[PDB]
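Structural features, examined
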Amino acid sequence: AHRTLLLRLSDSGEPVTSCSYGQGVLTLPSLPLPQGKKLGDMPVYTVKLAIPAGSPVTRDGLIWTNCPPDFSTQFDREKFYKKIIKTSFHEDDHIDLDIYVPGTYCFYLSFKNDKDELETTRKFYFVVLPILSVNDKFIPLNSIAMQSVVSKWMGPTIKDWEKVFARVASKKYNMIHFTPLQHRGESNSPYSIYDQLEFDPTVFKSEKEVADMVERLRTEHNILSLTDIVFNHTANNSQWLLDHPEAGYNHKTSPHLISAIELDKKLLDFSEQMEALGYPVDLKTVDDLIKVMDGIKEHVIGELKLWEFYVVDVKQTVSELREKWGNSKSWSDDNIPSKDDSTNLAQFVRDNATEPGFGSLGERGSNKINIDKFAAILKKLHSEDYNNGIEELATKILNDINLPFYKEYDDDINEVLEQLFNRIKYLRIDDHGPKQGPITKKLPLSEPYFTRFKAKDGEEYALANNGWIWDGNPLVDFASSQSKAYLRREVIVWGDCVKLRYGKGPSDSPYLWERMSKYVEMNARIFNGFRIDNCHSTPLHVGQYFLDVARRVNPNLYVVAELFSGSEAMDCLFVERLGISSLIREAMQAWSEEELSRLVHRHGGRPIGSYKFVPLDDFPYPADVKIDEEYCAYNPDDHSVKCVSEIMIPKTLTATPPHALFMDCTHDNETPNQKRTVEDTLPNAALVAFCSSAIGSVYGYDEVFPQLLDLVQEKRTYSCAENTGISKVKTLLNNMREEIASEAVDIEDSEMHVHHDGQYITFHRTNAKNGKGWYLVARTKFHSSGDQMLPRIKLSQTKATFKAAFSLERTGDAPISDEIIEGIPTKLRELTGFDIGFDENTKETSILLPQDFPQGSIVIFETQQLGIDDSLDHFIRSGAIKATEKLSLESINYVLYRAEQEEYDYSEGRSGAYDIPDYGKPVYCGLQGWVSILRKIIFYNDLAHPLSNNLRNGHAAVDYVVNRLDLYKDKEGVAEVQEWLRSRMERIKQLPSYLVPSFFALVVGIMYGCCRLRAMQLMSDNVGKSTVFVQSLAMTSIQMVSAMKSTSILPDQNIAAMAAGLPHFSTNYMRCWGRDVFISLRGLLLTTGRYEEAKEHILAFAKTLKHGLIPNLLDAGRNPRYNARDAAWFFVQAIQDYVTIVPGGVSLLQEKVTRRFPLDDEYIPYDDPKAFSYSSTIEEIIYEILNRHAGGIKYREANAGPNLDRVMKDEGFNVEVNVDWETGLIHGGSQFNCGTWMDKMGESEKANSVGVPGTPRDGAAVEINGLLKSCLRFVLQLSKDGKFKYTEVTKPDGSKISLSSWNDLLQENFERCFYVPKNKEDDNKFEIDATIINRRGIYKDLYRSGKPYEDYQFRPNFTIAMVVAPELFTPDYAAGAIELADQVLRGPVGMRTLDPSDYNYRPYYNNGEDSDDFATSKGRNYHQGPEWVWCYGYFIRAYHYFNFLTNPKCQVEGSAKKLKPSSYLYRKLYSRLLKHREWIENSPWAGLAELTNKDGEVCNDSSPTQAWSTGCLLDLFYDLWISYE
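Residues numbered from 1 in each chain as written, not as in the entry; some residues may be left out. Part of a larger assembly, values for the part shown. Heavy atoms only, no water.

Regarding how it was determined, this PDB entry cites X-ray crystallography in its header, along with a resolution of 3.1000 Å.

The next subject is the overall build of the protein chain. Scanning the protein chain for helices and strands turns up 40 helices and 55 strands. Seen through its principal axes, the protein chain has C-alpha atoms that stretch 135 × 105 × 65 Å. For the protein chain, the residues scored as buried account for 59% of the 1525 residues in total. In the protein chain, of all internal contacts separated by at least 6 residues, the share reaching a separation of at least 24 is 72%. Taken as a whole, the protein chain presents about 60,800 Å² of accessible surface, with 48% of it coming from carbon and sulfur. Charged side chains of the protein chain number 172 positive and 213 negative; the gap between the two group centres comes to 2 Å. (Helix = DSSP H or I, 4+ residues; strand = E, 2+ residues; numbered from the N terminus. Buried < 20%, exposed > 50% of the residue type's maximum accessible area, 1.4 Å probe, protein only. Contact = heavy atoms within 4.5 Å. Areas by Shrake-Rupley, 256 points an atom, 1.4 Å probe, with all protein chains shown as cover. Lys, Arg positive; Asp, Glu negative; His and termini not counted. Charge placed at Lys NZ, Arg CZ, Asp CG, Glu CD.)

All right, on to the state of the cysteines then. Taken as a whole, this structure holds zero disulfides when the rule is applied. Of all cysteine sulfurs in the structure, the one in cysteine 535 sits closest to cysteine 572, which takes part in no disulfide; the separation is 13 Å. No disulfide involves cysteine 691; its sulfur sits 15 Å from that of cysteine 665, the nearest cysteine. (Disulfide = S-S within 2.5 Å.)

Quick look at the environment of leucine 991 now. Looking at the secondary structure, you find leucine 991 in the loop between α25 (974-989) and α26 (996-1018). A relative accessible area of 1% places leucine 991 in the buried class. Residues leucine 991 and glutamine 865, 126 residues apart in the sequence, show an inter-C-alpha distance of 8.3 Å. Other than its neighbours up to four places away in sequence, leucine 991 contacts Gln797, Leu866, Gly867, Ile868, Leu872, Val996 and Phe999.

This part covers empty space enclosed by the protein. Rolled over the atoms, a probe with the dimensions of a water molecule shows which regions are left empty. Within the structure shown, the criterion is met by 17 cavities of 30 Å³ or more. The calculated volume of the largest cavity comes to roughly 150 Å³. For the lining of the largest cavity, the per-class residue count stands at eleven nonpolar, six polar and no charged. (1 Å grid on protein atoms, 1.4 Å probe; cavity = no way out; pocket = protein on both sides within 12 Å on 5 of 7 lines; lining within 4 Å. Points joined across faces, edges and corners; volume = space filled by probe spheres on them. Nonpolar A, V, L, I, M, F, W, Y, C, P; charged D, E, K, R; others polar.)

Here we take up helix α40 (residues 1507-1524). Taking 1.5 Å per residue, 18 residues should reach 26 Å; α40 reaches 26 Å between its end C-alpha atoms and fits that length. Among the 18 residues that make up α40, 15 are buried, leaving the element largely enclosed by the rest of the structure. (Expected span 1.5 Å × (residues − 1).)

Across the sheet, four strands lie side by side as β6-β3-β1-β25; this open sheet has mixed pairing. At either end of the open sheet lies a strand with only one pairing partner, and these are β6 (93-99) and β25 (651-652). Two strands pair when backbone bridges link them, and strand β1 (residues 4-8) and β25 are joined in this way by two bridges, in the parallel orientation. When the sheet's bridge partners are listed, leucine 5 is paired in β25 with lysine 651. (Pairing = 2+ DSSP bridges.)

Attention shifts here to the nonpolar core. With 229 residues, the main nonpolar core has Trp930, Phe1000, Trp1129, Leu1186, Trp1302, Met1362 and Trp1430 as its most contacted residues. Among the elements that make up this core, the one with the highest residue count is α26 (15 residues). If you look at the next biggest cluster of nonpolar residues, it comprises 119 residues, including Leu141, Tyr558, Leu687 and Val688. (Core = buried A, V, L, I, M, F, W, Y, C linked by side-chain atoms within 4.5 Å.)

One pass over the full model with this rule turns up 80 aromatic pairs. Note on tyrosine 914 and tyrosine 960: the rings are 5.6 Å apart at their centroids and 65° apart in plane angle, and the pair reads as edge-to-face. Separated by 46 residues along the polypeptide, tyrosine 914 in the loop between α21 (900-907) and α22 (927-940) and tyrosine 960 in helix α24 (residues 956-963) bring together distant segments of the chain. Pair check on accessibility: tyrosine 914 and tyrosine 960 agree, each one buried. (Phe/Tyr/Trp six-rings, centres within 6.5 Å; stacked < 30°, edge-to-face > 60°.)

Our next topic: the pattern of salt bridges. Within this structure, the stated rule accounts for 84 salt bridges. With a shortest N-O distance of 3.4 Å, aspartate 228 and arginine 531 are connected by a salt bridge. With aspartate 228 in strand β14 (residues 224-229) and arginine 531 in strand β21 (residues 529-532), this residue pair connects regions lying 303 residues apart in the sequence. With a closest N to O distance of 2.9 Å, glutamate 1367 and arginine 1273 form a salt bridge. (Salt bridge = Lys/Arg side-chain N within 4 Å of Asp/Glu carboxyl O.)

Let's shift gears to unusual backbone geometry. Following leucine 1062, the chain continues to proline 1063 via a peptide bond in cis, the omega torsion being 0°. When you line up the elements, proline 1063 lands in the loop between β41 (1061-1062) and α29 (1074-1086). Look at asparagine 534: it is not a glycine, yet its phi comes out positive at around 45°. On the basis of relative accessible area, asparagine 534 is assigned to the partly exposed category, the value being 23%. For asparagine 1248, which is not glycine, the phi torsion reads 55° and is therefore positive. Within the element layout of this structure, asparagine 1248 appears in the loop between β46 (1225-1228) and β47 (1260-1261). Of the residues examined, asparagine 1248 reaches a relative accessible area of 60% and is grouped as exposed.

Mapping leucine 427 onto the fold places it in helix α10 (residues 390-429). A sequence separation of 26 residues divides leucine 427 from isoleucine 401, and the C-alpha atoms of the two residues are 40 Å apart.

For strand β31 (residues 772-779), the tally of buried residues reaches seven of eight residues, placing the bulk of the element in the interior. Direction of pairing for strand β30 (residues 760-767) relative to β31: antiparallel, over a ladder of seven bridges. When the bridges of β31 are listed, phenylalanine 763 appears paired with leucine 776. Linking β30 to β31, which pair antiparallel, is a turn of four residues; within it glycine 771 sits at a positive phi near 80°. One ladder, built from eight bridges, connects β31 with strand β38 (residues 857-865); its direction is antiparallel. Paired with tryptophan 774 across the strands is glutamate 862, a residue of β38.

Next up on the list: helix α36 (residues 1371-1383). With 13 residues, α36 ought to run about 18 Å at 1.5 Å a step, and its terminal C-alpha atoms sit 19 Å apart, in line with that. Within α36, the full set of buried residues consists of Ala1374, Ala1375, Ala1377, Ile1378, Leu1380, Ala1381 and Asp1382. Each element contacted by the buried residues of α36 is listed here: β49 (1338-1339), α35 (1358-1364), β51 (1391-1392) and α37 (1430-1445).

It is the contact of helix α4 (residues 258-271) with helix α5 (residues 286-302), at a shortest axis distance of 11 Å, that shows an interaxial angle of 120°. In terms of their interaxial angle, α4 and α5 are classed as oblique. Regarding α4 and α5, the two cross each other, and that crossing is right-handed. Across from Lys266, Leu267 and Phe270 in α4, the residues of α5 making contact are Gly295, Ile296, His299 and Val300. When the residues that make up the contact of α4 with α5 are grouped by side-chain class, the tally is four nonpolar, two polar and one charged. (Axes fitted to C-alpha atoms, helices over the stretch in contact; angles between N-to-C directions. Parallel < 35°, antiparallel > 145°, perpendicular 65-115°, else oblique. Left-handed = near helix turned anticlockwise from the far one by under 90°.)

This part is about the packing of α37 against helix α38 (residues 1463-1471). One can describe the packing of α37 onto α38 by two numbers: an axis separation of 11 Å at closest approach and a directional angle of 165°. Taken together, α37 and α38 sit at an angle that is classed as roughly antiparallel. Considering the relative orientation of α37 and α38, their crossing is right-handed. Contact residues: α37 offers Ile1436, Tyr1439, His1440, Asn1443 and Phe1444, while α38 offers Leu1465, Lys1468 and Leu1469. Looking at the contact of α37 with α38 residue by residue, the classes come out as five nonpolar, two polar and one charged.

Another point: the pairing of strand β44 (residues 1193-1196). Looking down a regular strand, the side chains alternate between one sheet face and the other. In β44, alternate side chains face the same way, and those of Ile1193 and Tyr1195 are buried while those of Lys1194 and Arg1196 on the opposite face are not. In this structure, β44 lies alongside strand β45 (residues 1214-1220), joined through four bridges in antiparallel fashion. What sits directly across from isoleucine 1193, in β45, is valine 1217.

A word on the side chain of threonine 677. By secondary structure assignment, the location of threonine 677 is in the loop between α15 (672-675) and α16 (681-689). Side chain to side chain, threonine 677 and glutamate 679 meet in a polar contact 2.9 Å long. Separated by 3.1 Å, the side chain of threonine 677 and the backbone oxygen of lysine 781 make a polar contact. (Polar contact = N/O pair within 3.5 Å; in protein donor to acceptor, adjacent residues only side chain to side chain.)

Let us look at the sheet that holds strand β36 (residues 835-838). Strands sit in the order β32-β37-β36 across an open sheet of three strands; the sheet is antiparallel. The open sheet has two edge strands, β32 (793-795) and β36, and neither has a second partner. Strand-to-strand twist of the sheet, defined as the mean angle between neighbouring strand axes without regard to direction, takes the value 20°. Sheet analysis places β36 next to strand β37 (residues 845-848), joined by four bridges and oriented antiparallel. What sits directly across from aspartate 835, in β37, is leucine 848.

Listed below in structure tokens is the structure:
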């Protein structure tokens, strides 16, 4: 009822890897269908594709897959089906792919280019494994035990075969591999097949005779059958080779082999005359080889016209020139080099005067010159008359042309002969290959490179037989035009079989493809799968088509291949596209004990105690996600694929390595008797059988046959001697794996530890769920290497039990028979003497071996780790959602974040962050600190990481997670979260030390996700249904909003207070800053939905109003600092944002606040009874800011002096602000002030800057007035609705002005005073002093300041006014101005705080520089150059608004004709937030920096997470959401 997996896609449509399991393939789990359900009843699996929101592929995006949309629909490799991608900028799209039948499926995406073209991603393949049942008992793919049997050695009758079936069925194999059961060819080798369409007539007559015999295996022995399938060749005597000779490579189809044919028939026709002269027809003298090679040199090499295939017949060309000379002539063109350049002129002719096919081999004289054009060239270069020197000249050209062909000739023939001698030596001299035997119908001087016959069409053909190059790429067809291997004699050939010529499709061999198809589908009706020999040498598209055909016959086809391509990636590519289910691996390939342990390590499993995958902070957590509230919705009869925990984020489809079928010995490798000893037959097979994969063996391996059987020659029959050699042991091993097969399913379920010590090899096999295990001690016998004693085996917190022990002993040599194959006599002695001590205290089992443990012996212990039970798994993954129930967006801060300085605040300095030895501390004390480290550790299984080491050596990090919550046990839901953590951590500590890291990370990850989910549920829809990036931004609102003990926002209470940033702006007076609070209030609080927290922050500053201004340094409402000309207008701005957004937000206006300061502007009286003296509603609070600003404000800051600013000069504490009513805007400050957000005060005594503000922004600041217009526009429409009673405003003299008059004042004068026209002509209208300018088409940063050139500086500050009061801007001017900021002020993450073309531009900030530089010392650069992130928010918000109003290409007729942005504009916005997503992804603090140096360089003094940095990107998303969604 739940069989879905999640295949996440990247922004380029590539599948995301959840773990690094190595080079692999997207294989879905091997599981049986649900109870009593057949193919078609329901989707076998559902692949849920996750597409990232607004990514380039979502633009006109389609998903294309060759997955048939229904079970009724058949599968076509090349027929693809459309799935439309639902575009959203906030929400990802999901597209299910229901799969009904196993096989190979793939998918790509199509999208609209950035050139508005059609682009296509890569095809990405994923495989659905077959479902192998034997009757009604499902067989897991890793429990397959395959016996390979060669047919011609099982006797001549079906009944004579069922004796072998019963023999292997006793050893408890569950699958039999059949060497080809087809009519065999001339040499009787099982792989050279006479006819693909009928079986061996010696045994079978019809398909039903074999299909019933194979079915008899299924019913009598519970055994499945698969057969070899040969694609690369057929036998050299098929009666259809006569009827269809084009199916191979002949002189007609593959002309390049003509030169190779006349060399092969020049050796069968030379061996027969070799006896005549200087024969040495066979002999072992190297010195005589030369006399046979010197006969080669002359009789075959010289008599054959080899060079003629490469060279151009010069004499034939010249006689064909004089004769033709009186014809087409005059190469009327100066494309001619002189006769001086005899190298370049030659090549020039080679290009222009050549018939098609030059340089390429073909017919005897296939390289010839176009004579009409070679003559014309000569005439122009030399003379029109032939006699005038042409003969010498023409021949000299062609000669120089042949020099590379002659060099190519010599190069080839040397390899031809040098290969013949080295081969014929081995082949005949018996140096290591016995067979001196000389000329015959067989044993000639050269093996037959071709198969000669007379075809039913009459003509004689010469097809080629295939083989293999020595170290050549098996993907390169050496029988195709692109190879010279048949000519160069570089082919090791099989005269048994003849290479088949598949083309680019059936169009190139319509009989061969049609025949092989019926060949394949025939055996697919019978068997359960195929075994594909030399699958790497079979071409891809060939194997792809036929396996698709077989799968159409038998949808549960089990494909096996001994696949050895050039690499693992290529192996995976073949497995991907062909649908191979298992790769074959051989254990006999090992050269030494160490080599074997490595082989066994590869296919053994995962390491013990390995990390497990959980969704962490890289996933979206939709509030509307389904959940197993107690991990209890999986019925074992549903055979569902479980989610990791209670949050139902489906199982992730990740590349895992292709499954392996480990053979302890195949039918082509040498017997243990030959390569090692017969004693090794026991340990070898036991080690292999312990691997986490399917196993196999050739018949005779267990029966210990003495030597590998010759597939060609031998005719002897398998002995009927039952229960020989290993037979009793394979019965035990396979029976053991039949029981294990039931529970272990996925790659993380089966763990391992293999140890190599001399001739001993240790294998511990472990299920990671129940803790069941097997321990194998195997003493191998590669050689008789003396007595070696194994050290005491110790297993921590594990209990062991003796299962069985055996020794294999040779009892004399093997019998010599002529009619039957009998093995070597063996004694299978049962062993004893093993001591299993168990310390009831340390719970350490010790295992000692007895000295009677000879080489070739094994012992097996059944083991059990202590503390692990089948219920532990369900215990750790349950109860986490119920624990987070009573949490709050405030309390989640204490569980996930808390900088160490924020932690000290609650711990009186006692606690803090956990110091990880050889590493350091996590940046948060909460779970995020662990997750930021664990994510990369789980991905790479970094069991060697310092944190991994520390988690093994002690339970301190285990206890730290739980204990620290004592600091916050009283906050909402923390006590319940703490108990869940406590209850699980205690149960973890009762496990072996090596298992603690994985369960620690698993438990932390689970509780992290549930807390992250709870956050998304408590926040508003726009956040709860969005991408990871939006949610990661929103989590900063929890980082910043918490209650503290040293500070707060209210003087009488300690409540939740938004920090400016972590870690340095979090404690005491350093936490709350009015400018940072309200710039961030919209993003962190309103976009997320924390309205009740936005109100409390507004009211808390309402109490601190004085001078008609809002303080920046909020000292918890207890002596704040009032040098902030900016905060009061961001404060009233947020009030409008609050009222606009909060449902019923108008209620804020009548909220009454205790005004803990006097209505004038006296002095700090925090204890005076006049603190709580009077009340002010937000109504009058807003008006008081507006009114007193007009009426004028004059005051020196209260308590001025060093005790406030130890560097600010005496005149800087005097702050004055008034309105120039000729314009209506607001001026203030001085050259000794820092009233704006750019408030860096210099302090370098060495550089002489003590008291000098780095960026005093005096006079009319753009934002301050833009924010004022916004406020005016706000209160005007507000009074219209009867919610604001004020209209008058008193001037310093005594005049009154209506708010609408002040409003229309700014509307008329703002753009005049601030714009800088692009045309010199217009300067006379905008109060411009062209002497102090830098760039036209700009809005001034300031109006009539102190330094007038600071008026005309390109700074991002104007974007704030564009956002808050766009009515002041004419669209074209704003649009063109912000396009320059896009090209000038826009960095990758930060907004450059100053035009890089200015002289004051210094974009590197060191608050520690001591040198004499007036600009940079003590960090005055803060606001001139450095790239700030929160300004990027106001920028792109306006970049959005005005590119939507101006450029028509950024508009599209949204539904119901309302204006909505186009994908061209979305794509532009998307490209400017990538560098921010990258930042918050790869940041130890899960946030955005406050500052960046030039061009994205990390500023080591920048706060790593700041409020306005993230809150202003959230601002953008809310814009797009609240307007278009």
